[PDB]
Amino acid sequence: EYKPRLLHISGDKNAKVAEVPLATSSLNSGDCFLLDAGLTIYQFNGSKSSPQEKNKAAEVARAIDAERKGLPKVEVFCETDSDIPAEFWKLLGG
Numbered sequence: 158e159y160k161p162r163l164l165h166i167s168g169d170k171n172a173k174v175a176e177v178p179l180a181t182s183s184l185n186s187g188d189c190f191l192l193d194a195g196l197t198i199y200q201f202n203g204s205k206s207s208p209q210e211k212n213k214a215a216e217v218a219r220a221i222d223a224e225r226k227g228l229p230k231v232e233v234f235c236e237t238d239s240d241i242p243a244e245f246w247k248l249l250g251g
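If you're matching positions, the sequence shown starts at 158 in the deposited numbering and goes up one per residue.
Here it is, written out as structure tokens:
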């Protein structure tokens, strides 16, 4: 059971990213987010944010891209409206 993991990419103007506990409700729409689930991963990026988390997140997905070589499945998208596909929200929130 893979341990889902909640990586967060954001910080208004002080962009800061870091590991985080599960958080569907405490998520932060607008900034870029990354949940890791065994082999699959959803960089739930938030379109309400910008190049801060976006860059930081692209950097995080990057390091993970070089670590796993894309072996695992990833889904990145800095989306906002309807930014809640039951799949990811369910995986970590449902």
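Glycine included, every Cβ here is placed at the ideal spot set by N, Cα and C.
Straight-line CA distance for residue i to residue j?
i    : j    : result
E176 : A194 : 13 Å
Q209 : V231 : 20 Å
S207 : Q200 : 14 Å
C189 : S204 : 8 Å
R225 : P242 : 24 Å
For a test of the three-state rule: what should DSSP assign to residue i, helix, strand or coil?
i    : result
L249 : helix
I166 : strand
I198 : strand
Between which residues of its own chain and residue i is the CB-CB distance below 7 Å, once the five residues before and five after are set aside?
i    : result
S182 : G250
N202 : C189, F190, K211, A214, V233, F234, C235, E236
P161 : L179, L192, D193, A194, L248, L249
Just to check, is the beta-carbon of residue i closer than 7 Å to a non-hydrogen atom of the ligand HEM?
i    : result
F234 : The ligand HEM is not part of this structure, which contains no ligands at all.
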